[PDB]
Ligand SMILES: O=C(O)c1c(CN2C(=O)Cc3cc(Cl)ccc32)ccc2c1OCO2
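Single chain ahead, by itself, as structure tokens, in the form solved without this ligand.
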């Protein structure tokens, strides 16, 4: 589970916010894209996997699961591409809660930037630093460091 991530796509201001969640910690990376295509998703995974040791990704929908470009990125980066079926029903709830929380934070910062992408990065920062007492940023590093050792 140190290497397990979940993709999540949410919408705001007629744009798409693509999110990757490190399941065990709740740490996130996110980007704003015009629409959720295989190429956009592939490029996002490529970025993520260069930055964190991504072993497995649960894709956010069937189109990204099927996409040969997404499969190509997962092959390139050594990621096991999996479905995102919530066999554990609590999974849906957690993601939905996170999207609601992220949108709330974006609202709280929205006037501190012209562009949504800037607001989204502020929200990523606030989310990852929030103490809940460790932060998600602390938890991910601790989990991965323990795995290396």
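Positions refer to the first chain, counted from 1.
Not pictured, yet referred to below: the form deposited with this ligand bound.
- Placing this ligand onto this chain after superposition of the site C-alphas, with its pose taken in the deposited bound form, gives no ligand atom within 2.4 angstroms of any backbone or C-beta atom; the site is classed as open.
- The shortest heavy atom separation between residue 84 and this ligand in the deposited bound form exceeds 4.5 Å.
- Among residues of the shown chain, residue 102 is one whose heavy atoms approach this ligand to within 4.5 Å in the deposited bound form.
- If you take 65 to 80 and check each residue for a heavy atom within 4.5 Å of this ligand in the deposited bound form, you get nothing at all.
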